[PDB]
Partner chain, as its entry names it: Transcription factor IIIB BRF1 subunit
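Okay, here we've got a single chain as structure tokens, the form deposited without the partner chain, with questions on binding and movement later.
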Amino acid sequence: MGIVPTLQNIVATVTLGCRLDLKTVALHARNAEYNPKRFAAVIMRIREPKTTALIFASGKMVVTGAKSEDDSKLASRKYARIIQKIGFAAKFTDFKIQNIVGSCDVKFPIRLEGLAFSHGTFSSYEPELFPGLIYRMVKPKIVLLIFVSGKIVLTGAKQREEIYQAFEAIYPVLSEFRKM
């Protein structure tokens, strides 16, 4: 954690084009996992990059784990590669980023009680229920988790610019709410 936000995880969905039969893919893709009773989705996995993919019987695929849009764009292609070879006529289509989670550390203790009262229609602070303050930004639609230590978590960004811009908006507020 440093002052500059760094993305932690990226979730993207790829539409394969065709409906799959999960049993055959779990029975041909050398690296896969299936549990129809517990969850209707073949959980595949790869190393370059380390992303996990959830292939659903509708062609819809959800790839998590990448730290960059290049890696989730890359990884997604390769997963489509893995099923194509098995036999189905899948094709990398409509890659859409679903959510991005990032973090940073302003490096100074913050008065969550003061920020909660001041930015009252945005914040919530119930220490006995959750340690952090939940801040709901309406633009960009980001939900920030702010901890008494200075740690920050920005969840919900549909694209990289929103994580960075959300921090620009909150920083000068936090810096005005540090202790002492």
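For clarity, a rigid core is taken as the largest C-alpha set superposing within 1.5 Å between two forms. Numbering follows the first chain given and starts at 1.
What comes next is about the form solved in complex with the partner chain, which does not appear here.
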In the deposited bound form, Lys23 touching the partner chain (heavy atom, 4.5 Å): yes
Exercise: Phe95 in contact with the partner chain in the deposited bound form, heavy atom 4.5 Å: yes
Close approach of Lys91 to the partner chain in the deposited bound form, 4.5 Å, heavy atom: yes
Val106, heavy atom within 4.5 angstroms of the partner chain in the deposited bound form: no
Displaced residue between the shown form and the other one, judged on C-alpha after the rigid core is fitted, out of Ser68, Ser118, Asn35, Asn31 (threshold 2 Å or more): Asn31
